[PDB]
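Below sits a lone chain in structure tokens, taken as the form deposited in one PDB entry.
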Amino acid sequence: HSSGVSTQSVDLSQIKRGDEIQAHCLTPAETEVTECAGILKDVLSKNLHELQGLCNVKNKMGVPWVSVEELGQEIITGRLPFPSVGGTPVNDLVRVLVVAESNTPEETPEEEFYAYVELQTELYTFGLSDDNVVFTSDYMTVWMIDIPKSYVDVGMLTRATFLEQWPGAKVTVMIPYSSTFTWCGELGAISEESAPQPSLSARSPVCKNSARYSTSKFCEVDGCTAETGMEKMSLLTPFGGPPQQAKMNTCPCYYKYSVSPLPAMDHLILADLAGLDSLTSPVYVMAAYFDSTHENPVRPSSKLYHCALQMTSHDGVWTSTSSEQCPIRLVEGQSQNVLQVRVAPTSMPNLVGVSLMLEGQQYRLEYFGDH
């Protein structure tokens, strides 16, 4: 399939010098390709696909070939479904690793493999030049580059220009969102006569119509009461979706925007997920937030943080892994078949979003906005 969402645990211990790849290829360090390109040269010679094991989550989509005959180009362009808000200007950069590749043909063709990939935003257009390569091989190139985090989000189009429609040609942007979470956005090429095939990845502005939550006026009606346990669940997973049902809670919006007294609770449930009984791969849950502590009203610019949690099945029981300052946590729900994302009510005002990533599904929940 040209599209879909998949997950896997990533133990850097069982990864050829992964410890190093992480620190020199997926972290913004040395400004020269020297360091990283070294580590990858050594590691990718033995196992050509060692990088695939670094993706905690992989969201691929099928995009059709688009030809520009005049220049003999075969182009694939697509909007990667970035799982979360990239960042703020006050943030630093993220070292992303671009990868173009394709099936290795049976008979060596006369033309060799070549791909020009660019991540274009509105103002600038980051290009992966020869000065950006960190590894090459018969049918694969890997580019390194540091982009300001806020650039890496919706609005950043990914374009890869080829000269031939190589079979199995694909472009992958490995985006580290945290020191221990890496999301891979993949554009797999498909027939020119094919419509773009997106993965089941959606974005929900949980708090659309912010004004509504300025006070507890609509709490009763919205279904957010001590009675319901501050839970107004609505399905995220569409009808024909995977057997794992995902739900989101709108009530958190009150705890994020209201200046009215709200029911005192230890935790709010941001979202839950059923079907764990038949889920094989792990579940990842990523939060985006601010740490408004130590703020100066005169220069009130905070950095947007990201922590990612993982839930895994062990003997029929799912358990959670955690990051340091993470405002959220994953815990078993009503049964072993369910997991919930809990957060503290007081954390809601600084929570920007939470995202669910599991087999064939990705939901980017945002607490700001209306789109």
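So that there is no doubt, residue numbering starts at 1 and follows the sequence shown. Definition used throughout: the rigid core is the maximal C-alpha set that superposes within 1.5 Å between two forms.
This protein has a second form, the form deposited in another entry, left out of what is shown; the following refers to that one.
Compared between the shown form and the other one on the core, the listed residues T27, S320, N337, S323 keep their C-alpha shifts below 2 Å, save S323.
Superposed on the core, the two forms differ at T108: its CA moves 2 Å or more between the shown form and the other one.
Once the cores line up, the CA of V298 ends up 2 angstroms or more apart between the shown form and the other one. Relative to this form, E324 and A264 approach one another in the other entry, with their C-alpha atoms ending up at least 3 Å closer.
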